[PDB]
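Visitor: got a sequence here, can you build the structure:
(2 chains)
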Amino acid sequence: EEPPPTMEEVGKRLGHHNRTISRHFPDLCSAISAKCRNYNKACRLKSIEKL
DNA sequence: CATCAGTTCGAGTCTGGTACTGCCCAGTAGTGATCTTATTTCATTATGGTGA
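Guide: Numbers count the residues shown, from 1 in each chain, chains lettered A, B, ... in the order given. See below for the structure:
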C-alpha cells in the first residue's frame, strides 16, 4: 500500500519492542525496511522531477 | 521434605555504529542618491615709504 509502514509502526501495532522481532527475523524485516525506503526514494524522485 | 541457593531461557531496555530527508536564509558585491567633511580658491583689508 501507500507509504509502506516502517519498523516503528509495525512494532507499535504488534506491541513488541523492535529488538524482539530483530533478534529472530532479520531477512524479512530488512525486506520491509528496503520496501519502505524504496517507496520513499521513488516518491522523492517523482517529486523532484515534477518540481 | 520444602526452603533456599546455584543455573537457564528468553524478553526489556540502551546504545553505539551506520546512512539519509525536507526544506530558504545570510553574506557579499554592483549601482544610484544624498548627504558630509579635511582641505583648496576668491575676493576685500590692513601695512608699507617716496617722488611729484
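Visitor: show me where chain A has its helices.
Guide: With DSSP state H as the criterion, chain A has helices at A:7-14, A:18-22, A:26-50.
Visitor: next one: stretch A:31-40 to chain centre, how far?
Guide: A distance of 5 Å separates the centroid of the chain from that of stretch A:31-40, by Cα atoms, centre = their mean, to the nearest Å.
Visitor: with stretch A:12-28 instead?
Guide: Put simply, stretch A:12-28 sits 12 Å off its chain's centre (Cα atoms, centre = their mean).
Visitor: same question for stretch A:16-35.
Guide: Offset of stretch A:16-35 from its chain centre (Cα atoms, centre = their mean): 10 Å.
Visitor: tabulate the helices of chain A in JSON lines, adding columns for mean neighbour count.
Guide: Just so you know, the C-beta spots here come from the backbone N, C-alpha and C atoms, and that holds for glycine as well. Output for these, formatted as JSON lines (neighbours: other Cβ atoms under 10 Å):
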{"stretch": "helix A:7-14", "mean neighbour count": "13"}
{"stretch": "helix A:18-22", "mean neighbour count": "13"}
{"stretch": "helix A:26-50", "mean neighbour count": "11"}
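Visitor: next, format those as TSV and append distance to residue A:1.
Guide: Shown next, in TSV, are the helices of chain A (distance: least, Cβ to Cβ, whole Å):
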stretch	distance to residue A:1
helix A:7-14	12
helix A:18-22	20
helix A:26-50	10
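Visitor: distance to DNA strand B added to these, as CSV?
Guide: Formatted as CSV, the helices of chain A follow (distance: least, Cβ to the nearest atom of the strand, whole Å):
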stretch, distance to DNA strand B
helix A:7-14, 10
helix A:18-22, 4
helix A:26-50, 4
